[PDB]
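Let me begin by presenting the structure, written as structure tokens, before commenting on it.
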Amino acid sequence: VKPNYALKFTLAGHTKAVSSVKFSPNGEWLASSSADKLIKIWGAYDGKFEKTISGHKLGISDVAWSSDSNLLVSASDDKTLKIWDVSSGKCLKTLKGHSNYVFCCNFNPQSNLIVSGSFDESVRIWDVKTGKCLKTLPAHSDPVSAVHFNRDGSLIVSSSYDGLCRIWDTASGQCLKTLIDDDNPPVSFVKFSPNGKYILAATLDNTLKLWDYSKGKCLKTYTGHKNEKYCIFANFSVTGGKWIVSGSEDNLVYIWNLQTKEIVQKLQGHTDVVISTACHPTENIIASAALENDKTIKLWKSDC
Ligand SMILES: O=C(NCCCCc1nc(CO)c[nH]1)c1ccccc1
């Protein structure tokens with residue numbers, strides 16, 4: 001079986017490259033971040049522009065939702081993260097400490113913590129309530145491309161242009177595991193599978209790999225897309241068929257069968273690198289976003 005994702009909405013408004021799109025956990029909203037220093041909120045189902053959230057002094061690389069869909073965190077080239085009240089659009093805290101661009105951020109499931117990755121080669125864990133840094137992990141020896149909590153928040157995974165994926169005990173900040181192959185191409189993206197047993201990792205050799213966390217083994221490889229330059233997000237689609245979803249530097253959205261590794265669909269429409277894709281938490285909906293020749297978000301819908 002293949003999905004049949006078709007274009008429903010093109011979301012225009014960003015004046016520079018989009019960097020990241022993410023659906024709210026309640027499925028209501030899409031949040032977008034951009035080089036234009038703005039966060040935009042859009043209706044997930046009708047594509048309707050809701051509001052602009054402003055305050056960062058330089059471009060935003062990443063945005064992430066709290067579990068209750070009430071807060072956003074953004075990661076900025078201004079070396080800060082900002083926690084936002086989405087309803088008011090107000091900046092609640094500025095997270096200060098990173099010594100270079102903040103690239104990537106995520107809330108833990110409880111949403112009492114935020115994890116961030118920076119070009120400063122550190123991973124930081126922040127208290128949402130106080131806005132204070134709790135820990136600095138000396139995580140990598142090159143820029144940190146991604147950070148993610150597992151399903152219960154007990155673990156962090158990070159990836160770096162140093163070619164490593166590392167798994168961290170959240171409570172202690174101690175490294176549990178380093179995923180190395182024999183080569184070490186830059187790791188441009190990582191996240192845990194919904195059940196937290198696997199890690200999906202992108203490398204800048206046009207390759208996605210599914211890793212067994214517990215064993216430290218590669219189970220699956222997904223190829224045929226273009227990824228040698230950008231930190232392109234990848235997703236587990238779980239609402240219909242079990243797919244892998246990724247953008248591509250050839251301006252397409254790739255969708256693979258998770259088990260077979262076959263490409264099942266290629267979504268044509270963007271006029272630049274598809275940097276970010278997000279899978280809706282309950283509907284067969286994909287959001288895709290493109291760099292500065294395009295600057296649009298596209299919403300797609302499938303019957304499976
Ligand atoms: O990908 C780059 N710029 C596009 C915007 C950021 C996309 C992004 N991906 C993630 C994955 O965690 C977070 N944010 C980039 C790559 C190399 C050097 C400078 C910038």
Side-chain angles (χ1 to χ4, degrees), residues 13-22 30-41 51-65 71-84 86 89-107 114-126 128 131-133 136-148 156 158-162 186-191 202 204 227-233 247 249 272-278 289-297:
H14 283 298
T15 61
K16 289 195 192 174
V18 183
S19 54
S20 183
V21 297
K22 304 285 186 64
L30 189 75
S32 55
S33 61
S34 171
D36 74 358
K37 317 169 190 162
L38 300 182
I39 299 158
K40 289 175 185 292
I41 307 299
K51 72 177 71 184
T52 295
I53 296 177
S54 50
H56 277 296
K57 286 197 303 208
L58 293 174
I60 306 170
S61 281
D62 206 5
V63 71
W65 292 92
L71 307 176
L72 284 172
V73 61
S74 52
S76 182
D77 289 350
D78 67 15
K79 306 183 192 155
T80 74
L81 300 110
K82 284 172 178 289
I83 306 179
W84 309 91
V86 176
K90 289 177 197 161
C91 176
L92 295 180
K93 298 285 150 138
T94 307
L95 307 197
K96 304 159 192 275
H98 281 299
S99 62
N100 208 326
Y101 308 151
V102 195
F103 197 66
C104 53
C105 52
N106 260 310
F107 283 89
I114 289 158
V115 65
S116 68
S118 169
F119 271 63
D120 71 6
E121 314 184 349
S122 81
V123 167
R124 288 178 173 253
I125 304 171
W126 306 87
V128 170
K132 296 292 86 167
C133 183
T136 309
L137 317 186
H140 292 286
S141 55
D142 270 312
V144 184
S145 44
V147 288
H148 191 234
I156 295 155
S158 62
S159 56
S160 171
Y161 277 72
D162 63 11
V187 185
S188 44
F189 182 72
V190 76
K191 74 180 319 184
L204 291 186
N227 190 196
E228 289 172 21
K229 178 162 183 202
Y230 291 98
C231 287
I232 308 181
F233 288 87
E249 279 150 22
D272 209 348
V273 174
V274 183
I275 190 68
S276 182
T277 52
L291 297 182
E292 55 262 37
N293 187 51
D294 179 323
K295 308 189 274 279
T296 64
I297 301 148

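Keep in mind that the numbers below use all heavy atoms, side chains included, and drop hydrogens, waters and symmetry copies. We count residues from 1, following the sequence as given.
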request  = Under the side chain to side chain contact (heavy atoms under 4.5 Å, CB included) rule, what do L38 and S54 come out as? Steps first, then yes or no, please.
outcome  = CA-CA 5 Å; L38 300 182; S54 50; 3.9 Å; yes
request  = Please report the closest heavy-atom contact between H14 and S32, naming both atoms and the distance.
outcome  = NE2-OG, 2.8 Å
task = Decide, yes or no, whether a salt bridge links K22 with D62 under the criterion of side-chain N to carboxylate O below 4.0 Å.
result = yes
query = Which one of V86, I60, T52 satisfies the side chain to side chain contact (heavy atoms under 4.5 Å, CB included) criterion with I39?
reply = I60
ask   = Run the side chain to side chain contact (heavy atoms under 4.5 Å, CB included) check on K40 and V18 step by step: do they pass?
value = CA-CA 10 Å; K40 289 175 185 292; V18 183; over 6 Å; no
key: Any side-chain heavy-atom pair of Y101 and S118 under 4.5 Å   = no
message = Test your reading of the model: is there a side-chain donor-acceptor pair from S76 to the backbone of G59, 3.5 Å cut-off?
response = yes
ask   = What's the spacing between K229 NZ and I275 CD1 if we round to 0.5 Å?
value = 10.0 Å
query = If we only count heavy atoms from C-beta on, is the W65 to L71 side-chain gap below 4.5 Å?
reply = no
request  = Among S159, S61, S188, find the residue that satisfies the side chain to side chain donor-acceptor pair (under 3.5 Å) test when tested with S145.
outcome  = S159
query = To the nearest 0.5 Å, how far apart are CD1 in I125 and CD1 in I156?
reply = 3.5 Å
query = Any side-chain heavy-atom pair from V274 and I232 closer than 4.5 angstrom?
reply = no
query = Would you say the side-chain atoms of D142 pair up with the backbone N or O of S160, donor to acceptor, closer than 3.5 Å?
reply = no
message = Can you tell me how far apart CD1 (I83) and CD1 (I114) are? Round to the nearest 0.5 Å.
response = 3.5 Å
query = Just wondering, are more than 12 heavy atoms of other shown residues or ligands nearer than 6.0 Å to NZ in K79?
reply = no
inquiry  = With a 4.5 Å cut-off on side-chain heavy atoms, are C104 and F233 touching?
reply    = no
inquiry  = Counting C-beta onward and ignoring hydrogens, is there a side-chain heavy-atom pair between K37 and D78 closer than 4.5 Å?
reply    = no
Residue pair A35 / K16: nearest heavy atoms and the distance that separates them = CB-CB, 3.8 Å
request  = Specify the closest pair of heavy atoms between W84 and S74, including all atoms of both residues, with the distance to one decimal.
outcome  = NE1-OG, 2.8 Å
Residue of the set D120, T136, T80 for which side chain to side chain contact (heavy atoms under 4.5 Å, CB included) holds with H98 = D120
query = Would you say the side-chain atoms of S276 pair up with the backbone N or O of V21, donor to acceptor, closer than 3.5 Å?
reply = yes
task = Dump the intermediate steps for side chain to side chain contact (heavy atoms under 4.5 Å, CB included) on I41 and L72, then the final yes or no.
result = CA-CA 10 Å; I41 307 299; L72 284 172; 3.7 Å; yes
remark   = CD of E121 to OG of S158, rounded to nearest 0.5 Å, is 12.0 Å
key: Least distance between heavy atoms, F107 atom then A64 atom   = CE1-O, 3.5 Å
task = Output, in order, the C-alpha distance, side-chain angles, deciding distance and verdict of side chain to side chain contact (heavy atoms under 4.5 Å, CB included) for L291 and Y230.
result = CA-CA 10 Å; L291 297 182; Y230 291 98; 3.5 Å; yes
ask   = Looking only at heavy atoms, what is the nearest atom pair of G131 and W126, with distance?
value = O-CE3, 3.9 Å
Minimum-distance pair of heavy atoms, taken over all atoms of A146 and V190 = CB-N, 3.6 Å
request  = Might you confirm whether atom NZ of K51 has over 12 heavy atoms from other residues, nucleotides or ligands at distances under 6.0 Å?
outcome  = yes
query = Hey, what do you get for CZ (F103) to OG (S20), rounding to the nearest 0.5 Å?
reply = 9.5 Å
task = Say whether, by atom type as modelled, one donor and one acceptor occur between the side chain of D77 and the main chain of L58 under 3.5 angstrom.
result = no
Interatomic spacing from NZ in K295 to CG in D272 - rounded to 0.5 Å = 9.0 Å
